[PDB]
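Residue numbers (my numbering), protein chains in the order written: chain A, 285 to 534; chain B, 757 to 989; chain C, 21 to 260; chain D, 136 to 370; chain E, 7 to 228; chain F, 3 to 246; chain G, 74 to 285; chain H, 61 to 291.
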Ligand SMILES: *[C@@](C)(CO)[C@](*)(O)[C@H](CC(C)C)NC(=O)[C@H](Cc1ccccc1)NC(=O)[C@H](CC(C)C)NC(=O)[C@H](CCc1ccccc1)NC(=O)CN1CCOCC1
Ligand SMILES: [Mg+2]
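What follows is the structure, given as structure tokens:
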């Protein structure tokens, strides 16, 4: 018995390709489109809620996840792989940072920790790479707002705006035309909804779209009062109603 | 390192011509408190062995389970489990003796004094002692605790050496045991009147007697005893 | 832990992984060892496809294991560091327990034992390295020169070469080296070592390294100009 | 590929059988047992004339009363000898006596099959273990990588083994003297060796009750070589 | 606090002759002021003409004897039924005892038999394995009573030749099996008189080339 | 069992080569070119970012050039994720040395240990090697300014000027042509950029597709300063040498 | 115990008593306190009997394994250091050993190493170890010269043990003498104190404190 | 074919080829015979040599005073298994003061051999064993196969040409079973049985190996001049 697979399942081919990473990226290509846009006073991340069945309650399945009060994440590719990454990403934010420094990690460093986990699945024994690409939007005091992409290889790049998955090629072209360095948060949400309509085929409403922002602090969402320095989470998930309001003036 | 909590007092025993007798009272003492009165401290293993246990009762109950499990394990893949390959007293003893010494050697003893009484397959009488230290010894009469101090002297007047064993009948031997139990009730502060007695004979087999009582006691002379020296009333 | 038996026997009775490790040694730059009457000289090739090198800081081919023993090699450079490190530690460990530095035979035997262990341990490949170990035993003036190889066998040599085109330079040494009368002086020993490398090297510029070891921890590496003088002298005598 | 501890359809362990082929490539080693002692002799086989032949150590001491000769991948023998020496000394420590030659051989052969997926492969070397004890007297054992050992009156291992063994079959008798045995090893070695036999490329050794295990000098062997040539020309 | 040791009393005695050796020991087993058994043997035939006794804490004594007996068995398996010599047995026992150097067997061990020249041999061990071959050794509770008597009667210590002005010592000589058994019996009756833990019975094991014989004698039971 | 699926990453070819190391080098040859040039009064590190997108955040980005300590930096060529694993190890190793000896780690010692780690992955463990080649640029008070390179084999060598990644063959020829020993930092800066400008697979070399760094003694009196160039600083140095 | 060994012109003298005690109980008068490690190495034994006897026997096995592996007799320094490094591993565990490793080799010459159970290892010319070491020192030091003859050196060693055997209650039995030369160790007999004391008293005229 | 790479693989017809190949190693081994009466149990073994200069490979191993076996196949595997039996016999003595039953001895060997046939990495034992013994239920003879299958028998034989001796014993069953209180006659029957497996060679003094155990007879082995009586 016991795990006898102590050897790498990802290896270099004669041409220099790492097959399993390439194939993992292929799985991401098949995945549903998701995107992220960075504004001057915030960041938006969005994706389509591809429902497996109309009997299924798509509210229970959350593609956009809170990692820290000021950091959020969305993906394209294999959902189960994403779910367990979110679990590990949330825990590592505490164990390797918050329990040491008494504060949440900055976006770039949490991203670095997630990348490390995905890199190890590329080299460690008896495992395949994760079949997802992540988009991590976040804020912190000294770096401000930021947006990062994380690939199956463990590589991560900062973006002004980008898209991943099914119709990423067309979506990235659309974002190049619309993006400028003076975009306000509401303008970025508007562009996000326009970009996403191109890739979505069926219904396009607040129930089939999942969208969250990293913006101003939300004292109402904190849950308590009495500490002035604690001002609430910058991560907010837009409601089904809040999306539909912006779809009328589209 | 332990300290015994609920405890059992003397276990007494002796050999006679055709077998062995063993006895022990039915008390589970909690220090000076005579807490439990329905405790059986003689445990039969098969139809040819009886293990009498004194000392810590929690550890006694553990040993019960081991012996119970030993019978089960012996029956596995053993067509002659109730015949030639049945459990002998000598097997049961050596097993316990091994455990007792292993536990003392790990500084975590089973806080007990044990006497394994029985009859072997060839008819020979078996009687041997083992305790928390792993110390073992055999004798025509064996006793634990206060029994060693008070019972043995009385039982040795009947069977003083090996040659006295064929000369001792089951009637004479049981009488001495029952007498010893009475003496222990007079003099051991952690003893009870109620006790159990077991006879393992090579002919008549295992006879297990429950709910016996100490009787024919002498207390009348107490009425004449007044004061502690001078007092006359 | 990774357990796979990588070094194993084949139908014809060969351990291919050990034999392929020898091919790596054959690819490596040439190294030569010649021992004289009162000294040992270690010569080493350096390939000249690498210009713009920094020779100050580039790892030297000959390594000191202790103040009285040196180790050169042919084969995989990265592998050689692991053997050298282990040897250096064992050299200090010997001094600590025996209160006496290692003999050249003992140090060789240790290194050879490490190489052997990697030929029948699970999860590891053999070292792609053959070594020339040279020096002088404590309070002894007899020169010592030993060779090791990936299989783990080791032996003493009056003179020996390893690496690429080593069969050419071994041919040279076999007729030019006299057992009855070895190089009597340091100069004679160095010259014979340089001559032997000049059969293979190319140019005698910054391609040849020479290290001379003498008794009582007397080791020194020759500079370019010092070596170039031997090259200039040999070529003038050759034209005859 | 395939498992290391795999059986062939004929009922043999592949790796053990392949290690035996490696031993056939090794240099020749011969052992002869007599009532006056046991003689061990080996072919050194230097790969080049520059190699100092005295550094070729293919005959080895295990204890004062036990010697050992090897053939095959000789590097593999180092840990086998190390084990044998420790086993021999350890037994003397535990029992204040010399250890039986058979018991020593058995201890070495217990390592043999401790391979699989323990070490990664069998040993690629065969050993001739010679010795003496009070019980069974002078003994010669052949220890293989299969874990098996046979006692022998005489035995050859290595490249010229089958030719040398057939020669030992005819020449051996129960009344051989030590001197007769010495010459017989030299004679048979000279027959199966590629290069011409002399004191530098061949080595002799013996084990006697009185003087224990001794490797002969190159001066002593040279005289036995000269004595051998003269006796063959004498008829 | 739990005390893993105990004192089971008793005493043992080994004497070596020219072609024989005896190992005696009383059969009384005790704890504190109580008698456990009047006949509990502690001198054992272990095979290969080796007799052994490990007096002191009986549980440790039995454990040791048990382990040595087992050591003899495995010596046969591993070395082609070779006879374990008395000198080899002794060294083996040292390693058994010293193996528990930091949690010792609380016993004085004595073994007896014949050496490889056929001569009588007695070895004695401390609790942690130091051993020594001797002509004579008493061990256990009454060792201090018996041993000086043995020095005087076996090794003729402090005895000089009459009329030689204390210049010539009484010459050493081997004792007959008859004379040795007389000394053993007198040693144990004397020890029984003056030591409370000694009595009940005396069991002697005699070792010759022919085998291991036994003799038993009654001792005072008070 | 699992034997069936084992690639056997740590074995020799019949020719005596390590398959995986060779294939890892083939991987690295497609990575963006990185150049290191050592001058008498400092060191230059220049690297080309891999085909940049216009929406990539350039100023808050780190792909090629990383800082190991105050005195040592590295240029990367290969898998970035792999490099970061090794970089954090190297950073820790430097701090262990400082903690032990109260002295900054000598460059070679750091390089050796990092190269020894790579070597381990080629000889044992059954894992794939790190698909990374480093250019180490650093200073210590023993050897002064030093350039090294290491590759997946775990073999390291010292250099006066060196390139890794793509088009090293063409890049090394150009460096060998124009390099000389009495060179200054400012001249080395110009050489590094000119070399990339000619060897690049892009149409034209621009500020947004570069990472640049220098290690000078240009601080105040006998102390070393590490300058990781900002986007605007690369834009200026590119105009100043007349490439754009 | 009382044990000594001193270095002089003609090699090394080693002398020991033969008593063994368990408290005030004299357990043995015939203990061998010199271990013969090989023809050129001796070891003395003082302290715990089992500790000394077991570990010095073990030392002899390690010295044998050295000469099998290295084809050369172990140095006195290396032999003593094997023992000292061993006992150091057991430091605090309660080992009780006061030993002296005495022998000759070509490279070292005659050499004596004091090794004890708390890890002390000392090279030196003169050492006395045991409960009666001070009594031995008193006689040995006051009569020691480097230029002693083999005959006089043997006697001084014997006389020094005798002195300690007399005064120290935990020393006695008999004196075991050894002489170590370039050719190896030579045994110089067992000398019972019972006869030796009176023989020395009469011939030397010493021990005037005792009733003659 | 494709299903004989290791022991963990079943063939399409439900066979374990590595176990069968281990069984094949026994068939190549030298013949050995086992038989018993009610009072005694006997092992007879034909020993094999490398050549005339070599010794004859010892086939019989003692396990306890009342139990032992003969081997056929890989001798080192017999050493491992016999050693395990020695320990189990010994454990029964030290802990329970009880001689190990020959039936339990078989059960323990079966379970040890089985574990090697269900796990990756390991291999089956390459040896067959004939265990004899005398316990509390009289004389016994067992046949161990490395597949795990242990079988109690009156008589049997394993090794090369073992079918000849096995047929003879099947005919002689009624005769030799009643050889009670007579060791030499039970051996004679075993020696005559093994003779039915001989070809070209005959039983010599340093070739034959006999062992016996019984009511008042400890397990003892006879070799050399001690077996000259039975030729
Ligand atoms: C001089 C003579 C005295 O100091 C020497 O130093 C000699 C050295 C010689 C023997 C090599 N030392 C002793 O004789 C030594 C003194 C000693 C004792 C105990 C601890 C340290 C030093 N004596 C012994 O070692 C005796 C020798 C026996 C009696 C032959 N052994 C014991 O006393 C043993 C073992 C002691 C022990 C050590 C470590 C752990 C556990 C036990 N103890 C007993 O036998 C106990 N006791 C003796 C009285 O009878 C009942 C049991
Ligand atoms: Mg009394």
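Note that beta-carbon positions come from the ideal geometry of N, C-alpha and C, so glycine has one too.
Residue i and residue j closer than 8 Å at C-beta
i	j	result
residue 220(G)	residue 168(G)	no
residue 169(C)	residue 150(C)	yes
residue 774(B)	residue 926(B)	yes
residue 403(A)	residue 83(F)	yes
residue 22(C)	residue 291(A)	yes
residue 208(H)	residue 161(H)	no
residue 192(C)	residue 175(C)	no
residue 143(C)	residue 127(F)	yes
residue 93(E)	residue 270(D)	no
residue 12(F)	residue 145(C)	yes
residue 151(D)	residue 252(D)	no
Residue i, buried or exposed, once every other Cβ within 10 Å from all chains shown has been counted against 16
i	result
residue 98(G)	exposed
residue 88(C)	buried
residue 383(A)	exposed
residue 510(A)	exposed
residue 298(A)	exposed
- Would you call the region 107 to 117 of chain G and the region 127 to 142 of chain G in contact, with 3 or more CB pairs under 8 Å? With a cut-off of 8 Å, the region 127 to 142 of chain G and the region 107 to 117 of chain G count as touching, because enough Cβ pairs lie within range.
- Query: Name the residues in the region 131 to 146 of chain G whose C-beta lies less than 8 Å from a C-beta of chain D; which are they?
  - Reply: Within the region 131 to 146 of chain G, the qualifying residues are 131, 134, 137, 138, 141, 142.
- Stretch-stretch touch, CB-based, cutoff 8 Å, three pairs: the region 266 to 283 of chain D with the region 153 to 164 of chain C: No, the region 266 to 283 of chain D does not touch the region 153 to 164 of chain C.
- Task: Could you name the residues of the region 128 to 156 of chain H whose beta carbon sits closer than 9 Å to any beta carbon of chain D, in the order they occur along the chain?
- Result: For the region 128 to 156 of chain H, the set of residues with a beta-carbon nearer than 9 Å to any beta-carbon of chain D comprises 133, 134, 135, 136, 137, 139, 140, in chain order.
- Three or more beta-carbon pairs under 8 Å between the region 969 to 980 of chain B and the region 785 to 802 of chain B, yes or no? Contact fails: fewer than three Cβ-Cβ distances are below 8 Å.
- Touching by the beta-carbon criterion (3+ pairs, under 8 Å), the region 210 to 225 of chain D and the region 227 to 238 of chain C: In short, these stretches do not touch, since the Cβ pair count stays below three.
- Task: Closer than 7 Å, Cβ to Cβ, to anything on chain E: give me those residues from the region 223 to 240 of chain D, in chain order.
- Result: Along the region 223 to 240 of chain D, the positions whose C-beta sits under 7 Å from a C-beta of chain E are 229, 230, 231, 232, 235, 237, 238, read in chain order.
- Query: At a Cβ cut of 7 Å, what residues of the region 259 to 272 of chain D count as close to chain E, listed as they run along the chain?
  - Reply: Listed by position along the chain: 270.
- Item | Cβ contact check for the region 57 to 66 of chain E and the region 111 to 120 of chain E: 3 or more pairs under 8 Å | Taking 8 Å as the limit for Cβ pairs, the verdict is that the region 111 to 120 of chain E does touch the region 57 to 66 of chain E.
- Which residues, taken in chain order from the region 170 to 184 of chain C, show a beta carbon closer than 7 Å to some beta carbon of chain F? Per Cβ criterion, the list is empty.
- Message: Beta carbons nearer than 8 Å to chain F: which residues of the region 43 to 63 of chain C have them?
- Response: So the close ones are 43, 44, 45, 46, 47.
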